[PDB]
Amino acid sequence: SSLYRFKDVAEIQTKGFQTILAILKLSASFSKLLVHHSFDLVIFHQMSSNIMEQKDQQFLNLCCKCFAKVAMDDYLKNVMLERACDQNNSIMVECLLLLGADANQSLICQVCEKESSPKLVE
């Protein structure tokens with residue numbers, strides 16, 4: 001809630017990724033709970049925007065660090081994929097597809113129903 005209500009400022013998002021990376025280092029089970037609290041929105045929007053903006057080294061490094069720590073337990077990767085295609089956030093579904101996912105988990109039906117983007121269908 002702190003990261004989402006402050007999804008634009010720099011110090012909050014950077015230090016928030018730092019604290020989340022710290023707790024995720026201390027406990028790996030604090031990832032399913034995180035995405036249960038809809039962790040997907042902050043990580044997707046920030047990882048999209050930081051590449052869209054000036055790509056800082058260390059900020060994006062912490063970004064992919066916590067994203068790697070949540071990338072395990074591929075059931076969570078699948079629900080992250082489902083929430084990613086629930087939006088038209090094509091880059092992140094492309095990333096999760098390169099990482100590991102399945103359109104046969106339907107998903108093509110969901111992408112055809114809700115007026116989605118052609119690059120997402122491709």
# chains A, B, ... in the order shown; residues from 1 in each chain; ligands from 1
call {"tool": "residues_around", "arguments": {"residues": "residue 7 of chain A", "least_positions_apart": "4", "cutoff": "12 Å", "atoms": "only C-alpha atoms", "output": "PyMOL selection string"}}
result
chain A and resi 1-3+11-14+16-17+41-47+49-50
call {"tool": "residues_around", "arguments": {"residues": "residue 24 of chain A", "least_positions_apart": "6", "cutoff": "10 Å", "atoms": "only C-alpha atoms", "output": "list in words"}}
result
residues 18, 30, 31, 34, 65, 66, 69 and 70 of chain A
call {"tool": "residues_around", "arguments": {"residues": "residue 84 of chain A", "least_positions_apart": "4", "cutoff": "9 Å", "atoms": "only C-alpha atoms", "output": "list in words"}}
result
residues 40, 41, 44, 79, 80, 88, 89, 90, 92, 93 and 96 of chain A
call {"tool": "closest_residue", "arguments": {"among": "A:95, A:35, A:15, A:111", "to": "residue 58 of chain A", "atoms": "only C-alpha atoms"}}
result
A:15
call {"tool": "closest_residue", "arguments": {"among": "A:29, A:110, A:56, A:103", "to": "residue 76 of chain A", "atoms": "only C-alpha atoms"}}
result
A:29
call {"tool": "closest_residue", "arguments": {"among": "A:63, A:33, A:52, A:101", "to": "residue 85 of chain A", "atoms": "only C-alpha atoms"}}
result
A:101
call {"tool": "atom_distance", "arguments": {"atom1": "atom CA of residue 72 of chain A", "atom2": "atom CA of residue 94 of chain A"}}
result
17.0 Å
call {"tool": "closest_residue", "arguments": {"among": "A:120, A:112, A:98, A:68", "to": "residue 25 of chain A", "atoms": "only C-alpha atoms"}}
result
A:68
